[PDB]
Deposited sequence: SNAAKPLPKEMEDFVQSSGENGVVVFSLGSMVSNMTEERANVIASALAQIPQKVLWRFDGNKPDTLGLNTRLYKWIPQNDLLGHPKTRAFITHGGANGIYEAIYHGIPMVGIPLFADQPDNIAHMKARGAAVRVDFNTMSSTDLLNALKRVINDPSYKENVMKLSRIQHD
């Protein structure tokens, strides 16, 4: 939504530790323990470092590559050169920031306009969609690897991004 500002010291260090792997920003805006563990398990299986804005009980399957934060400077993280993907519920504002910064996304539509917001990003090839209630760890892992490693997603979101800067 705006130019990316420097991240807090500890966060920058964490992001830098991802090396050539890069990082993923996860924010869905108290889900069941079963749901939280399914998500944590999928996130633990990718090489990227993960910053997850979460405020529930720490998942038993949390991976060493994932950190939980009660709050995150979302815009600044999406604008960091190490960011490879954004897992979002599909809020209008979050999507704009992803577009502005050119970050492909894994959409997990929850309520209201979210389902439509993600449906469009998918049509544009800038996102992959998954169902929050029924997705399995392998389903989410599936979507993550697709968005992070299939270069067409980054390219399709960049098409929407470029028109935002002159």
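Counting from residue 1 of the deposited sequence, the single stretch lacking C-alpha coordinates in this chain is 30 to 33.
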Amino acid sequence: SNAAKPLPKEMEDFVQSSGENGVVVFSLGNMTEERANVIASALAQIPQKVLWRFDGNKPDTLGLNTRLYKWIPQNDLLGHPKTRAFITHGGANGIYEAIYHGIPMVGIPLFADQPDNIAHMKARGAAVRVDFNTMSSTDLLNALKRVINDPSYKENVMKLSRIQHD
From here on, numbers count along this sequence of modelled residues.
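For the two regions 51 to 59 and 96 to 104, the entry's Cα B-factors average higher over 51 to 59. Taking only CA atoms, the mean B-factor in the PDB entry is higher for 125 to 133 than for the other of 125 to 133 and 42 to 50. Among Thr32, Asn65, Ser27, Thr138, the highest C-alpha B-factor in the deposited entry belongs to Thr32.
Among the modelled residues of its chain, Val147 has a C-alpha B-factor that falls in the middle third, as given in the PDB entry.
Per the PDB record, residue ranking by Cα B-factor puts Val23 in the lowest third of the chain.
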